[PDB]
Amino acid sequence: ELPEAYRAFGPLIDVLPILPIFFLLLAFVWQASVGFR
Amino acid sequence: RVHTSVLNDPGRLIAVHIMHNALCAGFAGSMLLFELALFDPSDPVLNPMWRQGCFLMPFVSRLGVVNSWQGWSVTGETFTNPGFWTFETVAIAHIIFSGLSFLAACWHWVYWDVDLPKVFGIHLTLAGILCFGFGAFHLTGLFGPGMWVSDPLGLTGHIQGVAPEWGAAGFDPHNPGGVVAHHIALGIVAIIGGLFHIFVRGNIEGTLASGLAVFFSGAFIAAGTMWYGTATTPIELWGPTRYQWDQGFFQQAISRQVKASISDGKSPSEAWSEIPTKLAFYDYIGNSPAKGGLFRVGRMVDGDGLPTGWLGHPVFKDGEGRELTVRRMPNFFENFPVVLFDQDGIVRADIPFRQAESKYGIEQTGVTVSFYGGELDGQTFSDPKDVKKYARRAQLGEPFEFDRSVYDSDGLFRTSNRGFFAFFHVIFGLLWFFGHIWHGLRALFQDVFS
Amino acid sequence: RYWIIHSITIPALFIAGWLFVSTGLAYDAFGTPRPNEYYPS
Amino acid sequence: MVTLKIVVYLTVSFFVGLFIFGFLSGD
Amino acid sequence: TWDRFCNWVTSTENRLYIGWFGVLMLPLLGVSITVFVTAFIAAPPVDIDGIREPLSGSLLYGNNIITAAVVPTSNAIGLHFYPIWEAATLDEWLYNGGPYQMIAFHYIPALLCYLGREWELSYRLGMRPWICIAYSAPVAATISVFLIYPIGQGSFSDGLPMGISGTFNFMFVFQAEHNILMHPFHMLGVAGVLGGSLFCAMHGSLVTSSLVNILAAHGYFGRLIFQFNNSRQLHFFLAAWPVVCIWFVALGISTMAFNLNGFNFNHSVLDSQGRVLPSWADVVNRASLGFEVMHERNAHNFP
Amino acid sequence: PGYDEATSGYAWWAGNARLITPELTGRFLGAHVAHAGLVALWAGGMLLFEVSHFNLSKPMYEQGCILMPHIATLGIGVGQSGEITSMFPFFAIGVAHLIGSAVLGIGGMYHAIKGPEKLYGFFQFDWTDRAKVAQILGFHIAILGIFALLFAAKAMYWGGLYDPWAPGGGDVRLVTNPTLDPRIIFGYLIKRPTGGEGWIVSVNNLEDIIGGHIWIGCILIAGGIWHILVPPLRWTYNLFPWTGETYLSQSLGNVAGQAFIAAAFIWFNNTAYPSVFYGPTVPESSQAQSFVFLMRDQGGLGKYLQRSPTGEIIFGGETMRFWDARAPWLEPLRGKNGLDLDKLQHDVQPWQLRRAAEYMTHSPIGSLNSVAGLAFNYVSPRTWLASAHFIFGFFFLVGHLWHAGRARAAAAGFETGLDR
Amino acid sequence: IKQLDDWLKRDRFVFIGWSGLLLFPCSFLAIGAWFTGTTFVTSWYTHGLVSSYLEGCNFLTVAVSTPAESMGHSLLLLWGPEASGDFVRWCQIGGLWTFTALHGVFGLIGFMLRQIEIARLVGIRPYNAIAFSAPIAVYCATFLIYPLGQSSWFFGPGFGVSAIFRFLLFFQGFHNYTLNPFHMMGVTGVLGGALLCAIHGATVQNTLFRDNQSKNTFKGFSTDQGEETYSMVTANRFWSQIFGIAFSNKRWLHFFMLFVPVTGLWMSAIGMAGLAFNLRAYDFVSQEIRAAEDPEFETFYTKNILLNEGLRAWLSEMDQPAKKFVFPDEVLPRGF
Amino acid sequence: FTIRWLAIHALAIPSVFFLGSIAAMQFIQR
Ligand code: CLA
Ligand SMILES: CC1=C(/C=C/C(C)=C/C=C/C(C)=C/C=C/C=C(C)/C=C/C=C(C)/C=C/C2=C(C)CCCC2(C)C)C(C)(C)CCC1
Ligand SMILES: [Ca+2]
Ligand SMILES: [Cl-]
Ligand SMILES: [Fe+2]
């Protein structure tokens, strides 16, 4: 139960909390792709 | 460390080994004299040697020496002439050897100024001659006393010669003939192997290390055969095992003896009066060796006490008059809830914890107890204090009266000599595994350790 | 050369593991009770 | 033990001030 | 002359370094040692549960050193500050477990000052500063059982008793309340002390067996496992593994103070009908239930 | 330049320590602006997550909600007794933090990638420059003092806060008479942190909360002005090294202490954290168990009432450790000596029995080995927030201990090792 | 005869040697059986328990559980009379536990033989093999000697996370193993061992020699050296002034890091060996009698006895299904 | 064909078969 018009955004909201723990991973993915220099 | 003085001298290691042989036999003769001083020989039924902390005495009587020169025997009887070889002359012979080994170790320590494609082969025939001779002359009874054998109920143990059991029945641990046949066969094999290594054939720490391997492996085997019970550890000498309590082996044997005898002609009071007190005493959890404690030292009789006598078999009946059975204590439980079950398996009575409501309390279930055989034969108790008193006693198997003042007993179960032997030789095995590793590594690494 | 027989036989062994359980063969091979076989009713 | 409360309150004040003024000096 | 006191206190020439954390440590250690020893020997029984059933913790009231403890402050006090002067009498203070609160409130700051003293000497010796980081693991562990767990539970009677058997009693009661065995932070703590012991014995054995040469010490260890080799990385890992794990288990005790408990897999496997199929976790739960019912003085969910 | 281990001295796993140098102050800014976007991204995301899965039957604390209670406590979209009126205010707040995370995120990436490597002019700061860093401390102290008064102005004028202590349950109300009196406001700081006292965690009315924030907001404004105008004085020269990693460690120690206070605050306080939103405190849920047990049996006179060590009528048994708990549903039955026997006879409104019955099922004086819950286990939001923030408080104290020693060692010059 | 010795003794990625003919198949079989049991094999017919991933268990609750009590101390060989070659029966009676337990010993033996073989080949002292004798002593005492002394393999430790947790709790209630002095020396060995690990590693790290200029010191041209990477003098000065005493010799300290946990584990192995015969420690009958004669009297020892009573009664109906204990609710202990 | 091939394929052949079955148990209805 959320506002009626914004039911469609839906699963994108269900990803929104764990989007910060992906930036922590991309700090290691960027570190991977520069050779850990 | 300190004792590495004698590595560069053989004769002073013969001296050190003779010295150890002096200490071993000297202990064995004086430990057996200590046991003889403390031993009560009056009741072999109710105060046998396994209740009295006799360590060495069962090992002496295992092999045929069962008499004292005072006249008594550990079997049952009181010979006028007990023969030459008694517990005293076994002890004396060990003490006389010990002093003579003291004298010989001194001579070897001072006069050492006196070859191993030959020595181990010499040692192996000698051990083979001893082993074959022990099996074929001592144990057979041909030129010896024999060994202790008994029925599996442990009621009629005595010394007799034993014929070697040469087949697969001989590898049954409870067959006494196998041990005879083992010693004849391995004795021959060791003589053949020994004369092989005399005619057809480096570090002394390696020899020590491999000897320690034999010692720890044997110690576990010795601990295992002690704890599990074989022909070589009779229950008249070392008591019942924990496994005989586990499967109710004596309980089943007694009930077999009673159901047979009821079926012949007799009444339950007559049937249970035919159960030997010795047999009923084995079916009591304080005789199980798995009830002791690490620091509960001494004899089993320092615990529950001197048994006075069997009370008889308690039979419990509720208000319906249907037969009830207390669930017996397992070895694992220091205390166990007293619950009474009928023949189908339903709880009919118990001794509750608080006692808050019982629905099933003894007072409201109207449980009575009647005894057949023993001291209380023909007596019925109906008062709850009596019935609750005997229900707790029945949970430990057949009830016995104990005198706690003969040995000033403290009520805490001790393990038997069987339990003390098995425990120490497990410890000895674990320690000697480490010593084997320690000396094996030092022998294999004598160039990086030195 | 190397990566041909691994694209075939690695999902083949994963499928055979999958088909071991999904067809119930794992229950018979080990005697493991099925969910309706723990309490014989 | 109303005097002992004073004794403790002073003892805590003295030792803590020692620690405070110890790191106030600077080394 | 004040600088002279400043010079002696910070001097690295004494037999023991005092330092500024150490002038705030030897009083606290002075009190906490003195009260602990006196209470361990001679304290009268403590009504730990607050319901007038006193618990005898001291040597002179029936205990040996194995069973003796300084008994935690009474449940009646709760988390109240209970100094010796706020009691009505001296005996009422001893009855409500006053000495325990005296000991714990001097011992915990003294350890924190021991932490800072270890930093302080390392600074004055020109060392890198992080031995005190390593020591923060047993400090956090002991603060969790003596301070944080009582705060979360609302009573210092739930703290660790200061004795050998009281400690064991604390372990079993905690398992009943919280299922610490199935807590992953305790799982990490066990891996930290058992593995910490493993690495200690291994490092001890590897180094001592190469005294006469790391080239044959790594020819060994490289051959025993697949082929660090960096003494800095290895020694960091030797410090880090017990320390990090003990941090987690201290945080486990601390979060269990708020009743964030171990994993409950009771009734977690069901049959086709919905009958609970017991697992090993349910057996552990029954065992911990046996602890729980004896510790409870009125349960309200058991016939 | 300073973007690899060779020219920085720091390895990749310490790669943020390459922003310590004043050569790279522009990237220092972009790290912080991008990180604040990440904080706002979670705040928006978690709120919209909590709003999306929200169901109107279970109150707020039975749904794993930790952000929605914070919005409700400001009075945003709640009515009497903390019931949600409209979820759209909660949605409006969550979306705004997303947009704020986009602005902060974009500017964080701008300065970290596109902007200058070092700032210049007014925004150029050197860590060793005592006047400049203190000036930035002054600007930042002022801003949070601004926002403390903005929070107090919101409570006084713009909609007010949810007061659980309002009669008849709870209700949003303007805090029209905040406690400006300094002996009440600063008397909280000398109150001991122990039981019954509860140093600042025992603030139990909105007048004291709002009065304290006016005192905080103003003192932070005067402090901020003090640091902008006055550069650090000579007594603060050799107290510690004036380097960047020193300042980080001092923040870490303070923020570690803050998390511990917050963990205590969510665990014990039911004024700033009303129980209609966060659930009952464990002290208050044990009072709820005993109170409804009185109203069951009857329906120290009894088996549930004893004396406190101070001699007051309290709830008996295990919950006598919790006799200092005060709840807005219990407080109308509290006389001059603790619980009042006449008020536990006939004073109890249906809402207090309603409120206490909900808070029954939240109290760990039962069994853990079958289940300790309502349905099943039930970890409370107070448990989650206090556990999480104790963990943050501990690690940040460790991070304080780490950074402070390293700051000391690096200025004195022996952070790399000893001399042979 | 010396052909195969050359191939065993070779320079490859993993050394095999003569010990590897015992270690590698037995460890693979022991680990392979554990994975097989925890994935597919039930404990319904031995324990009335569900114990594999096929059942619905997770890692924390899967186990290769001990054999049924009816099996006694049988080896439960696949071709033995209990299974008679029937693999379904063999897994159902707990034959995988004996398979895992007995193959585990031979891999553990094979591993320590491998330690000896490599140390002999390289030419160093075999103290690692001496130190590994303590995990082997613990394993033999707990997994073999204890069930052998008891009534069946059933009472041994199951190969699982929660089965081990049951084993821990069983030893409190039934053996009071916390009060056992040998377990006490074991705990001192393990916590002291962990303490030595943390102090020594921190001491080395924080007394490192400054060699290079990088702010990460994991590369200061001294890690290859070994121990001489850190200042022994500064470390001794720190600990003689913080603690009072310091380990002044590097050989003695590393001897002590060997000795403390290894001796501790060997102590716990002796305590466990005693419990194979139910030889539990420390009655303290004076406190028991006094609390049976004075209701005012209670110690933490007598509280623990009551806790162990509660453990024994509330666990054993479920924990020993073959015994089929019936404890009515009234006979169960409680403090209610 | 010696140890290197047999060591990897004795420890990955069952390990992906088992992981195939454990993946299949997650979609078991009970
Ligand atoms: C605002 C708080 C704060 C800030 C700004 C810093 C900043 C810094 N710290 Mg740090 N630190 C902190 C708090 C903080 N710290 C706390 C609370 C602790 C206690 C644990 C530490 C312990 C610490 C150590 C030991 C070190 C630093 C170091 C540093 C410097 C380099 C670190 C780096 O490049 O990033 C690198 C980032 C990574 C390598 C990734 C972090 C990996 C962590 C352990 C995982 C996080 C777990 C997370 C909750 C779960 C993730 C979910 C999962 C799905 C991934 C840098 C200037 C280094 C230094 O001293 O340089 C001079 C260094 O050695 N810190
Ligand atoms: C000379 C001589 C003689 C005499 C002899 C004799 C008289 C003897 C003896 C002897 C003896 C009488 C002996 C002995 C012995 C003993 C021993 C040898 C022992 C011991 C011990 C031990 C070994 C122990 C130890 C310990 C303890 C103390 C306790 C426990 C622990 C331990 C182990 C530590 C004659 C005339 C005949 C001949 C000739 C000459
Ligand atoms: Ca509970
Ligand atoms: Cl208790
Ligand atoms: Fe080292």
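One-based numbering, in listed order, for ligands and for the atoms of each. Convention: sequence-line order gives letters A, B, ...; per-chain numbering from 1. The basis for the numbers below is simple: all heavy atoms, side chains too, and nothing from hydrogens, waters or symmetry mates.
Nearest residue to atom 3 (C) of ligand 2 from B:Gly99, B:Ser30, B:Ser98, B:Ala28 is B:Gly99 (criterion: closest heavy atom). Heavy-atom proximity to atom 37 (C) of ligand 2, evaluated over B:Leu33, B:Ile96, B:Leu23, is greatest for B:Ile96.
Checking atom 27 (C) of ligand 2 against the protein gives no heavy-atom contact under 4.0 Å. Of the protein's heavy atoms, at least one falls inside 4.0 Å of atom 39 (C) of ligand 2. In this structure, atom 24 (C) of ligand 2 has its sub-4.0 angstrom surroundings free of protein heavy atoms. At a distance under 4.0 Å, no protein heavy atom can be found next to atom 34 (C) of ligand 2. Atom 14 (C) of ligand 2 is flagged as protein-proximal [any protein heavy atom, distance under 4.0 Å].
The distance from atom OG of F:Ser367 to atom CZ of E:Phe302, rounded to the nearest 0.5 Å, is 6.0 Å.
Within ligand 2, counting atoms from 1 as listed, the ones closer than 4.0 Å to a heavy atom of B:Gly26 are 13 (C), 14 (C).
Aromatic pair B:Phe421/B:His425: ring centres closer than 6.0 Å. Checked against the 6.0 Å centroid threshold, E:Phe185 and E:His183 count as a close aromatic pair.
Between E:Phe170 and the choices E:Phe174, E:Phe168, E:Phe172, the ring-ring contact (aromatic ring centres under 6.0 Å, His included) rule is met once, by E:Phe174.
With a cut-off of 3.0 Å, the Ca ion (ligand 3) has an N, O or S atom of F:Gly366 in range.
Residue pairs satisfying the side-chain hydrogen bond (donor to acceptor under 3.5 Å, both in side chains) criterion with at least one member in residues 20-38 of chain B, sequence neighbours excluded, are absent. The list of side-chain hydrogen bond (donor to acceptor under 3.5 Å, both in side chains) pairs with a residue in residues 169-179 of chain E, not counting sequence neighbours, reads E:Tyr149-E:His178, E:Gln175-E:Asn179, E:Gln175-E:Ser288, E:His178-E:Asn261, E:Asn179-E:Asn285.
When you scan the N, O or S atoms of E:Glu177 for the one nearest the Ca ion (ligand 3), you land on OE1.
A distance-only check finds a donor-acceptor pair linking the side chain of F:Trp267 to the backbone of E:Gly152 [under 3.5 Å].
Ranking the protein heavy atoms by distance from atom 20 (C) of ligand 2 puts B:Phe27 CD1, 4.7 Å first. Of the protein's non-hydrogen atoms, the one nearest atom 6 (C) of ligand 2 is B:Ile95 CG2, 4.2 Å.
Of all the heavy atoms in G:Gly186 and G:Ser268, the pair that sits closest is CA-CB, 4.3 Å.
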